[PDB]
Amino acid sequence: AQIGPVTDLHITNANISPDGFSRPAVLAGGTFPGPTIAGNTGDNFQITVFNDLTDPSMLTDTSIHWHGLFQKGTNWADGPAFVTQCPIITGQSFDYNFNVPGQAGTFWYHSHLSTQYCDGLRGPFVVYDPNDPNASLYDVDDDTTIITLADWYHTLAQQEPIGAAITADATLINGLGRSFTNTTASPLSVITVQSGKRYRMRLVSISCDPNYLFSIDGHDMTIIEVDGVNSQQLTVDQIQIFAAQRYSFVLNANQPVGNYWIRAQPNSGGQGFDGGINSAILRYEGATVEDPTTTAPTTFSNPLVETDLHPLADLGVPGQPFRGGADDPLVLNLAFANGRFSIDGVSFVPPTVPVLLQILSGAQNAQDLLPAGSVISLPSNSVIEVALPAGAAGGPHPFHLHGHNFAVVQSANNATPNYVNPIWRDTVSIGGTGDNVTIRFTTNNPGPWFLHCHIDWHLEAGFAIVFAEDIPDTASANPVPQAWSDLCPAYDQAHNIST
């Protein structure tokens, strides 16, 4: 069952064996992935998070981010540790109480402390639309049509060297899959469909690092949503999905009753499908209970290309139709050396006092804010352009902005910008050497918003900056509850920190 929009959520330690290998984890709701949190557009969510963690090897503090939800007027509920809150300590709870006006789509939730989400705290978050403009394109849309793609590690995250090329041990589809080495025939996930029906498949990357080449043998996929943004229909036979992205696609169950492989090939880790790695099963009702015998093509003839996507609504692009044609045009210098990433010459290291609390305490320019050099102010009610030229080691890097979605004016692997009708989204691959992926948005949401690579190992190694959007209006726009004001005193007392 789905939970929410008003619910408790307990965060616990437990042993799990999703690929046949047992290890301890950090779990929401006792499962990997965690339960789906759901509601309708405009609902009030109140997710009371109970931190019941006791194993220090995965950290006993926690904080949860609601990925892709704008948090307008509720910046304090966004979740990134040391940007919008101090962590919740063990034995305590915290009500993330916010609203979702003007958003409907496929999202997710995850720990936003260190690399803790890699240790298991990740799950889907769906905001349904009772008047969805795409409703007539499918018959079924429910918890059974969510498809999660996850990397899974046998080594615990706090034992992964910082800045290293860290590689997974299994791909998990809906929480199950097989290990790349010492492979055992452990159970594969089954997605069941009825011949003749059409399904809204909600594809969620909960990855900490790899991108996946996702396909379904014998089937094609008609994209209708990108990171929460309704799209024109685009039919493809393969989707390359980067960490933290989401797509909805229509699956037409129009092939002969049978069993078909679902494939998710990561860019690192095990290559291919030997022993049923990187795989799950699409089973039609009435098919024999047996593994598929289907083949992938040698090449995919209609792969997703990001410039082919266009919004369903007339969203346009803010600003003027040329590079630098914005009120505040920025170009970030994105670099890596010696195990650490940097943005504009500064490697991100979380501050002792969360950025939001520094601003509420009266620091009101970005040079007054800590970490020094890691906070850029943005002016209010202005068009912002951010160019993100690639080249830093460890690519392709999927950059994500909190508090906002954005027009993708230039995409990976294509030098031509689009100032007319590009897709809007919240996480974007910045591509390869010589690319100049560029995003635009307007500043109508006061508060400190994280911008970072969503490869969690890279964030840990410093690949982040904070956009302090409309510092002067942050306090009036974001009144804070007492329980939020209590978090930093409690955290600092528990950890013997003076501030």
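All residue numbers refer to positions in the sequence shown, first residue = 1. If you superpose the two forms and keep the largest set of C-alpha atoms that fall within 1.5 Å, you have the rigid core.
Novice: Hey, after superposing on the core, which one moves around more in 9 other deposited structures of this protein, 271-279 or 154-162, CA-wise?
Specialist: The more displaced stretch in 9 other deposited structures of this protein turns out to be 154-162.
Novice: Rigid core superposed, root mean square over structures and residues, which stretch has C-alphas farther from this form in 9 other deposited structures of this protein, 281-289 or 163-171?
Specialist: After superposing on the rigid core, the more displaced stretch in 9 other deposited structures of this protein is 163-171.
Novice: So 181-189 or 247-255, which one's hotter by mean CA B-factor in the entry?
Specialist: Looking at the recorded C-alpha B-factors, 181-189 comes out higher on average.
Novice: May I ask you to compare 92-100 and 361-369 by their mean CA B factor in the entry and name the higher one?
Specialist: Mean CA B-factor is higher for 361-369.
Novice: From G403, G163, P124, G228, can you pick the one with the highest C-alpha B factor in the entry?
Specialist: If I rank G403, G163, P124, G228 by C-alpha B-factor, first place goes to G163.
Novice: Considering only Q410, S215, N381, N278, which residue's Cα atom bears the greatest B-factor as recorded?
Specialist: Top of the list by C-alpha B-factor: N381.
Novice: Give the position of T438 by CA B-factor within its chain, expressed as the lowest, middle or highest third.
Specialist: CA B-factor rank for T438: lowest third.
Novice: Would the CA B-factor of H219 place it in the lowest, middle or highest third of its chain?
Specialist: It falls in the top third of the chain.
Novice: Considering only modelled residues of the same chain, in which third does the CA B-factor of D142 rank: lowest, middle or highest?
Specialist: Its C-alpha B-factor belongs to the highest third of this chain's values.
Novice: Per the entry's values, where does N444 land by CA temperature factor relative to the rest of its chain, in the lowest, middle or highest third?
Specialist: Its C-alpha B-factor belongs to the highest third of this chain's values.
Novice: According to the PDB entry, is the CA B factor of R198 in the bottom, middle or top third of its chain, that is, lowest, middle or highest?
Specialist: It belongs to the highest third of the chain when residues are ordered by C-alpha B-factor.
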